[PDB]
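Structure first, commentary second.
Ideal geometry is used to build each Cβ from the backbone, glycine not excepted, and the neighbour counts take in all protein chains shown. A short reminder: the numbers here are calculations on the coordinates, not readings from a lab.
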Amino acid sequence: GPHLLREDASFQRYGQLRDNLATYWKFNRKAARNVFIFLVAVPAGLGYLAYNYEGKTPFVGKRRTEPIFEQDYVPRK
Amino acid sequence: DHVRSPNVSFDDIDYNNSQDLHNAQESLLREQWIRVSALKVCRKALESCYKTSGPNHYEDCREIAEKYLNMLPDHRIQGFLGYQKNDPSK
Amino acid sequence: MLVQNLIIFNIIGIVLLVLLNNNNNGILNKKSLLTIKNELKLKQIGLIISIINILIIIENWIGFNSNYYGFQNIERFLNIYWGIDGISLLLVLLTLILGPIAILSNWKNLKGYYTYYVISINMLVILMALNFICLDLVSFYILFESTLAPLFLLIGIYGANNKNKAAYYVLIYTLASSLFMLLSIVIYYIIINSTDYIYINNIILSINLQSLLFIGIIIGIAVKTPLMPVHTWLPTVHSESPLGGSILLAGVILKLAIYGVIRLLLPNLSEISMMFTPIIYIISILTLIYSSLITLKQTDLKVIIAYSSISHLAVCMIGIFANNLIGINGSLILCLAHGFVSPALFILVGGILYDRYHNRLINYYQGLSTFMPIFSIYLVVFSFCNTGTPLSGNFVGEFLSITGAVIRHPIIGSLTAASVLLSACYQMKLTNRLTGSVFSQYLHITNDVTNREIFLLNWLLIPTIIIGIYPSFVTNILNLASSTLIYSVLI
Amino acid sequence: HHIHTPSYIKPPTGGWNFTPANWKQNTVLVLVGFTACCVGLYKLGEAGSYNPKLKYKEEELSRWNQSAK
Amino acid sequence: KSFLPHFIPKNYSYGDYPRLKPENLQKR
Amino acid sequence: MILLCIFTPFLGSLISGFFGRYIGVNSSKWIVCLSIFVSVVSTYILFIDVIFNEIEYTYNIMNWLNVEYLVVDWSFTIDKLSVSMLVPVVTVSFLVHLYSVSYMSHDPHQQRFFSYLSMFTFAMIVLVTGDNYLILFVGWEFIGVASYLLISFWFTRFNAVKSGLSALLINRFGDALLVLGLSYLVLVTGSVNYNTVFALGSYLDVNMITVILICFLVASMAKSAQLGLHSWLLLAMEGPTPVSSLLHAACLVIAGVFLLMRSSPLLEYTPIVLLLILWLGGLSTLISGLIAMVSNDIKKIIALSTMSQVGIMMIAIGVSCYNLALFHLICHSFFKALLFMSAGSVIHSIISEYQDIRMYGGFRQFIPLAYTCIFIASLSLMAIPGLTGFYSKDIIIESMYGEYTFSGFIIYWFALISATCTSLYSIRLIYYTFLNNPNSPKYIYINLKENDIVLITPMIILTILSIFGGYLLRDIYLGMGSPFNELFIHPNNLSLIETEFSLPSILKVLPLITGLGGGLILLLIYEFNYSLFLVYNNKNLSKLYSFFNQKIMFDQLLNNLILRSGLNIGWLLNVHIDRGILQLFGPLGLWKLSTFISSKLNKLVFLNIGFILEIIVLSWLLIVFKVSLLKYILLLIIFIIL
Ligand SMILES: CCCCCCCCCCCCCCCCCC(=O)OC[C@H](COP(=O)(O)OCCN)OC(=O)CCCCCCCCCCCCCCCCC
Ligand SMILES: CCCCCCCCCCCCCCCCCC(=O)OC[C@H](COP(=O)(O)OCCN)OC(=O)CCCCCCCCCCCCCCCCC
Ligand SMILES: CCCCCCCCCCCC(=O)OC[C@H](COP(=O)(O)OCC[N+](C)(C)C)OC(=O)CCCCCCCCCCC
Ligand SMILES: CCCCCCCCCCCC(=O)OC[C@H](COP(=O)(O)OCC[N+](C)(C)C)OC(=O)CCCCCCCCCCC
Ligand SMILES: CCCCCCCCCCCC(=O)OC[C@H](COP(=O)(O)OCC[N+](C)(C)C)OC(=O)CCCCCCCCCCC
C-alpha cells in the first residue's frame, strides 16, 4: 500500500538472521552438550519419575491412620 | 419418556451378537452414572450437615463423612472396556 | 442424510463457481461483470455456501440424543458408513463455523484469484468436517490426507515470501508421518478383515502387536498436533500461509490429532495406551515447557502465536490420555476453546497488523494503544483468554486437563500446572510490548480496526466466554460419549 | 491545552479529557439505567438467597447420620 | 564499574552478519 | 441484599468503561463512586445480620462445572469470615475512589482509571465471597488482571509498563501453584466446595493435607509479598497513588492472608506448613523494616511497612491464632490506607511533585492537616497504647512468646525488632518530610498549600477509624470464647490464655520502650548530631547502608540470575534444538544428504556400452553368491556411495 511502516535495514538484517539461525549451527562440543541435556538427560529424569510412581500413589480419599498431636509433654530441664 | 437401563451383563451374552454386546456396554455405563448420582446426594447431606452443625460437625456428620470417603474411590465412571476385555476369574 | 447432503450440495457449489468464472477464458479479452470489486459476486456465493453448511449440521443436531449410547445418524454413502456421536458432533460444528470466518478474514487481502481461494477454503472445511463422521480407519485416513492436496496449493499460491519453504514442509512432514499410520491401518485390515470402528474396538490384540500398531499411529498423530520433536513444520507453515490457511490450520487441522487418539487409539488399543501414557506425558510435558521457553526468544509475530498453539495442544494431549472423565472432557473443551482463541490471535497479529504494515518483526511495534485503542482492547482480552484466565473456555479446558493429569499421575501430572505460569510469560511479554511505551517511531498512523475485523473478533470471542461461564452446553453433549473411552477394572 | 488528536481516536473511555456537549442529558439516562436494575439486583437477591443453616432441622440430620451408618 | 549481563557471548560467527561488541542499550 | 453487595461495583466498572465517552469525565467518576457506596451500605447491613445475629446468606446463580462427581456452582455465600473481609475491602475502596476524584483530576484518562479501580474492587469481593475455591480463584486471577492494568496505567512510561508485567508474572507464578493445590483437592476429596472439604479435614492423610497447603502457601507468598516473591511489591509504586492506597491496604496484598485463614479447617491438621508460615512471616517482618530505615522514596517506605505488617499477620497464622490475624488484617487496612493517602497529599502539595524525602523538610507548618493524619496514622502503626494498632499488633507479638516453643521464641525477637524498626522508620519519615531544615527551594515553600476538601474528607474518616476502631471491634475477634467457627482453632493450639496471663510484665512494655525510647534517640541525632549519619565516610557503614538500600540485593539477584538464566534456556533451546538438531535431523540435514546422494546418482546416467555391460555382468554374481552374503554386498554398496 502506502508503506505505512518505515523499514529499517538493520531491523531487516537482524530479523532475517533470527529466522535463519539453522544455517550457521554447528554440531560442535557446545551444541552436543546442550542436545544431550535437553533431549536425553532431562527426558530420562522425567522418564524415571513417571514409571517409578506408576500406580504407586493411591491418593483418592486417602485416610489418616496416625495421630498428629502429642498426648504428654516432657520439659527440657 | 424416561428410558431405563437394559440390565445385561457381559457374562451372559455372545459378543458375536452385535445388539447384545451393545446392551451390555450400555448397561455397565448406566449403572456407574447412577453411583455417581448417589455419591453426589451423599455429598449434599455432608454439606448440609456441616453447615447446620457448626462446631458439632465432627460428631454429627461422622458417619456421613465416613461413607463419602469410602464411596469416593469407586463411585466414579470406570468405562465398560475394562470389564468387557478382562475375565476376573481367570 | 447429513453426509449425502453435505457432499452433494458442496459439489454443486464448486461446479457453480467454476462455471460462472471460467465461461470467458477463451480469448474473449473482455471485462466481464463478475470480476468487478475483486470478484465480489463469486466471493459472496462462496460465503453463502459456507453458512449453508452450518445449517445442514444443525438439522441433524435437533434430532441428536445426548442420552443414547452409540453412533447416531448412521448412514451409508459411497460404500462408507457415516455416523455421529457427542464428540464428533461438536467438532463438526466447530469446523463448519470457522468456514465463513476463513473466507471473511481474506475478504480483501488477496492479490487475486478469489474464486480459487474460496473453493479451496470450502473444500478444506468439508474434508475436515467429513473426517469426524467417518466410521472406519481407512475412511479416516482418506479424509486425513485428502486435505494435503488443496492446502499445499493454497500455501504456495497465496503465501508469504517463504511460501515455497512452507508448502514443502506441510506436504512432506504430514504425508511421511501419516504413511506410518497407514501401515497400522493395513495391519488391522489384514488380521481382522475390517477397519470398522465398532468391529475393531472389541478385538484384543497381542501386547507386542499393540505396541507396533500404537507406534505407527502415534507417529502420524504426534506430527499433526504437533508434539516435540516433530513440531518444526508448524511455525514455518503458520508464518507463510495465508490468513485463512492459518485459521483452518490453527482451528481444525490440529484438532484432528486429538480425535485420532479418541478413535484410533483409546477404544481399540486400550491395553497398550496405559503402557504408553508415561511416555506420552513426558513427551507432552516437555513439549509444553520447551515451546513456552522457546516462544520467549521469537521475533516474528505470527511465529510467536504458532508456538503458543503448540504449548496448549500439549495440554490437550495430556488430558485426552488421562483415563478419567475429568481429563477427557477438559481436553475436549480446551480443543474447542483453542479453536476460537487461536484463530483470533492470528487475525490480530497476522490479519490486522500485517494488512496495514506488511511486516511481522516484533521490533517495529509498540505503544499501539495510543492510536489503535480498539485493537488494544481485543488484543488484551484475547491475550488473557490465551493464558487461561477464568471466565474463558481456555481456563475450563486447562483446569480440567491439569486436574485430569493429576488424578491420572499425581507425581508427573503436577508439572502440567506450569502451563499457567509459562503461557502468561510469553503471551503477556508480547502484549505488554504492543500496548506499552510511546507509539512506535517506525509506524505511520492509519485506520483502526474496521467493521469486518471487529465482526471476526467478536464472533470468536463470544463462543469462548459462553463456554467459559457455562461449559455444560458442551459437557452435556460429551458426557455419554466420553465415558466409553475409560479403561479400568477395579476390584 | 495540548493536542489530543480527537478527530479519529474515540475509545469507549473517552480519549484525553472528553466530555460531550450533551453530557447532562446522557448522565440522567445512565443514572436512571443504573438505578433501575440496581433495584433489579435487589429484587433478584431477596428471592434467590437463603440461609444454609436453617434449611434442615437438627432432627432431620440425626436420622441421616444413623441411616448412613 | 558497568558490566554486561550474563550469557552474552564474547564472539559470534553468523556468516556475513556484522560483528560488533555487545552494547547494553539500557545504560545509554 | 447479597446480590447488591457483590455485583454493584461491577456495574460501576462497566459504566465508566463503555459509557465514559458519553457521560464525560466528571459524571463518570461520581457514578462509579455511587456504585461502590451502594456496596458499602449493603455490606454494613449484612455485617449486622451475620456477625450479630448469626445469619448466613447464599445465592446460587447456576452451575459452573458438572463433570461427573466434580460439581462446581456459581454460588456466593456470606458468613462471619466473608463479611468481615468485606468491611476493609468495600469501605477502603469507597474512601479510595472518593479520594481519587480530586487526586486524578489533572489526568487526561480518568474514565479508564475509575473503570480499572472499580473492576479491581469487584474482583476482590468475588474472591472473599465465593462458596468454593474455584470461585475464589476467579477473583484471585482478576485481582492480578486489574493490578496489572493499574500499575501500568501510565503506559507511555517505560517503568510503569515493565512494573505491571512484573506484578502479573510473579502472581501468575503463584496462580500456577494455586491451581495445582485445587487439582490435588479434587484428587483427594473430589470437591472444591468449602462445605465438603472442611468437613473432611480431620480424616484426610497428613501428606495430602500438606501438599495442598504448600501449594496454597506459595500462592499466598506471591500476593502478600512475603519473602521470595516480594519483588513486585515495590515496583507496584509506579501506579497512581490511589492504586497504592487500595492494593496495599484492604486488597491484593491481603489476599494471601485470606487464603490461609479460609483454609484453617485444613491448615490446622498439618503442623509442618504452619511452621513454615511462621518462619516466612518472621523473616519478612525483619527484612522489610531494615530496608525501610534507609529508603528515601516516601511511597517505598510506606510500601515496605505494608510488607512488614502483612508478615505480622503471617506469624499469627503460624501459631494458629487465626482470630488475631483477621483482626490485625482489618485494622491495618484503615491506618495504612491513611498513610498512603496522606503521602499522596504531600506529593501533590509540593509544586515540584518530588517523592524523595531528602528533598523535603520543614513542611509541618505549611501543611498542618497532612502532618496530623500522618502523625496519628504512624502512631496507630507504631501500636501506641490506646490506638487501633495497639489492640491488634501488641497481642500478636506477645503471642510469639506465648507459644513457648523454639520457633516462637526466635520469631518473637524478629517481631520485636520489626516493632522497634517500625518506630524508627516512622520517625525518620516524619523528620525528613516535616521537621528537617528545608531542602527544597524557597519558591516551593511560598506555594506549599493544602489540597481541596474532596482529598481531605476520606483522610479524616480514616483518621477516626485509626483512633477508636480497634477498641470497638476488639471483643468480636479477640474476646475469649467468641464464636468464629469459620476460623477453626484446634483445642491443642489454643494459646490465647497463656499469652494473656503468663507473660512477664517487662515483655508487656518491652516493644513500647524500645520503639519510644529508640525513636527519641534517633530524633535527637538528626536534629543535633547529624554528623553520625554521614555514612559515606565509613566504608563498612557505606556497604551496610548500600546492602539494605538495595533491598538485601534481592532484585539484582532475581533479575541478573533467575530471569537471565530463564531467558537463556529458551535461547539455548531455540539455538541448539529448534534451529539446531531438529534441522540437522530435519529439512536442512536431509537436504545436504539428498544433494550428496543425488549428485552421485547423476554421474551414473550416461550412454556408454561398457558401463551397462559391466553392471549387467556384475549382477550375475548375485546368482553365484550364496544369499547369506547379501548384507555384505549391501554394506559394500554404501561404502561406494561415499
Ligand atoms: C465480550 C463478549 C460478550 C459476551 C460477554 C457476556 C457473555 C454472556 C454472559 C452469560 C453467559 C451465558 C451463560 C448463561 C446462559 C444461560 C445458561 C442456562 O441455561 O441457565 C440455566 C439455569 C439452570 O438450568 P435449569 O435449572 O435446568 O432451568 C432451565 C431449563 N432450561 O437456570 C438459571 O437459573 C438461569 C440463571 C442465569 C443467570 C444469569 C447468567 C448470566 C451471567 C451472570 C452469572 C455469571 C457467573 C457469575 C460470575 C461473576 C464473577 C465471578
Ligand atoms: C524428529 C524428526 C525426525 C525426522 C528426521 C529423519 C531423518 C534422520 C536422518 C538424518 C541424517 C541426515 C542428516 C545429516 C546428513 C548430512 C549429509 C552431509 O552433510 O553430507 C555428509 C557427506 C558429504 O560431505 P559434505 O556435506 O559436503 O561436508 C561435510 C559437512 N560436515 O556425505 C555423507 O557422509 C552422507 C552419507 C552418504 C550417504 C549414506 C546413504 C545411506 C543410505 C541412505 C540413508 C537413508 C536410507 C533410506 C532407505 C530408503 C530410501 C528409499
Ligand atoms: C469435494 C470434492 C471436490 C473435487 C473437485 C475439485 C475441483 C475441480 C476444479 C476443476 C475446475 C478448474 O480447474 O477450475 C478452476 C477453479 C477456479 O479457478 P479461477 O479462479 O476461476 O481460475 C482463474 C480464471 N480467471 C483468470 C478468469 C479468473 O479452481 C478450482 O476449482 C480449484 C479447486 C482445486 C484445487 C485443489 C486441487 C487438488 C487436487 C487433488 C484433490 C484431492
Ligand atoms: C471483568 C471484566 C471487565 C469488563 C469491563 C471492564 C471495563 C472495560 C474498559 C473498556 C475501555 C478501555 O479501557 O479501553 C479503551 C482505553 C482507551 O484509553 P482511554 O483511557 O480512553 O485513553 C485514550 C488515550 N489512548 C488512546 C492513548 C489510550 O484503553 C485502551 O485502549 C488502553 C490499552 C489497554 C486496553 C485495556 C483493555 C481492558 C480489558 C480488560 C480485560 C479483562
Ligand atoms: C518419521 C518421523 C516424522 C518425520 C516426518 C517427515 C519429515 C521429513 C523432513 C522434512 C523434509 C522437508 O520438509 O523437505 C523440504 C525441504 C526444504 O528445505 P528448505 O528449508 O527449503 O532448505 C533447503 C534449501 N536450502 C538449504 C538451500 C535453503 O527439502 C529438502 O530438504 C529436500 C530433501 C528431501 C528429503 C525428504 C525425505 C523425507 C523422509 C521422511 C522419513 C525419514
- Message: For a quick check: sort F:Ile357, D:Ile3 by the number of other beta carbons within 10 angstrom, fewest at the front.
- Response: D:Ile3, F:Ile357
- Message: To make sure I understand the rule: partners must be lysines, Cα under 19 Å from the Cα of F:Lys600, and not fewer than 8 residues away in the same chain. Which ones qualify?
- Response: F:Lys592
- Any chance you could tell me what percent of the C-alpha pair distances in segment C:361-491 go past 21 Å? 57
- Across the residues of F:166-179, average count of Cβ atoms on other protein chains within 10 Å? 5
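Among C:307-320, F:35-48, how do they line up by average Cβ neighbours within 10 Å per residue, starting with the highest?
C:307-320, F:35-48
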- Query: Whole number please: convex hull volume per residue of the Cα set in segment A:1-53, in Å³?
  - Reply: 152
- Message: Please rank F:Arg172, C:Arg76, fewest neighbouring Cβ atoms within 10 Å first, as an exposure proxy.
- Response: C:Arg76, F:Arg172
- Extreme residue, positive dipole direction of chain F, given options F:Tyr116, F:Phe596, F:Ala146 (C-beta unit charges): F:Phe596
- Simple SL model, points at 7 angstrom along Cα→Cβ for F:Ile513 and F:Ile623; separation in nm is 11.6
- Query: Any idea what the dipole of the protein assembly as shown comes to, in debye rounded to 20, about its Cα centre with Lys/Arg Cβ at +1 and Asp/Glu Cβ at -1?
  - Reply: 4700
- Item | Peptide-level mean, for F:135-142, of C-beta atoms on other protein chains within 10 Å | 3
- Message: For segment C:397-450 and segment F:366-444, what is the centre-to-centre distance using only Cα atoms, to the nearest Å?
- Response: 41
- How far apart, in nm, are two points set 7 Å out from the Cα along the Cα-to-Cβ line at C:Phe439 and at A:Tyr51? 6.0
- Message: Could you tell me how many cubic angstrom of Cα convex hull volume the protein assembly as shown has per residue?
- Response: 240
- Note on the structure: Computed from every Cα-Cα pair in segment F:44-186, P(r) in 10 Å bins starting at 0 and rounded to whole percents is 11, 31, 33, 20, 5, 0
- Item | Neighbouring partner chain Cβ atoms per residue of D:34-47, average, 10 Å criterion | 5
- Message: Taking the alpha-carbon distance from D:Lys69 and a cut-off under 26 Å, which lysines remain once sequence neighbours fewer than 8 residues away in the same chain are dropped?
- Response: A:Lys62, B:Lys40, B:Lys44, B:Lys51, B:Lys67, D:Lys53, D:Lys55, D:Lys57
- Task: Report, in debye and to the nearest 20, how large the dipole of chain C comes out about its Cα centre when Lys and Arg carry +1 and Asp and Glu carry -1 on their Cβ.
- Result: 1220
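Just the number, please: Stokes-Einstein D of segment F:335-422 in µm²/s, Kirkwood Rh from C-alpha pairs, 4 °C, 1.567 mPa s.
Reported coefficient: 87 µm²/s.
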- Note on the structure: If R0 = 45 Å, then F:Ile351 and F:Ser565, at their Cβ-Cβ distance, give a FRET efficiency to the nearest 0.05 of 0.50
- Task: May I ask you to list the chymotrypsin sites (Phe, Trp or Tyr not before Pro) in segment C:89-136 that are in a DSSP loop and have at most 15 other Cβ atoms within 10 Å of their Cβ?
- Result: C:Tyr113
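Please work out the ratio of the alpha-carbon Rg of chain F to 2.2 N^0.38 Å and round it to two decimals.
1.24
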- Among D:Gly33, D:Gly15, D:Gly45, determine the one that fluctuates most according to a GNM of chain D built with springs between C-alpha atoms less than 10 Å apart. D:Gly15
- Calculate for chain F the 222 nm mean residue ellipticity that helices alone would give, adding -39,500 (n - 2.57) per DSSP H run of length 4 or more and normalising by residue count, nearest 500 deg cm²/dmol. -22000 deg cm²/dmol
- How do F:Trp232, F:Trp571 rank when sorted from fewest to most other Cβ atoms within 10 Å of their own Cβ? F:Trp571, F:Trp232
- Item | Once the Cα gyration tensor of chain B is diagonalised, semi-axes √(5λ) in Å | 37, 15, 7
- Over the alpha carbons of segment F:217-301, what is the largest minus smallest coordinate on each principal axis, giving the biggest first in Å? 43, 25, 15
- Note on the structure: Pseudo-spin-label distance C:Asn164 to F:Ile633, built 7 Å along Cα→Cβ, given in nm, is 4.1
- Give the calculated FRET efficiency between B:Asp20 and C:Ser472 to the nearest 0.05, with a Förster radius of 30 Å applied to their Cβ-Cβ distance. 0.35
- State the volume of the convex hull built on the alpha-carbon positions of chain C, expressed per residue in Å³ and rounded to an integer. 145
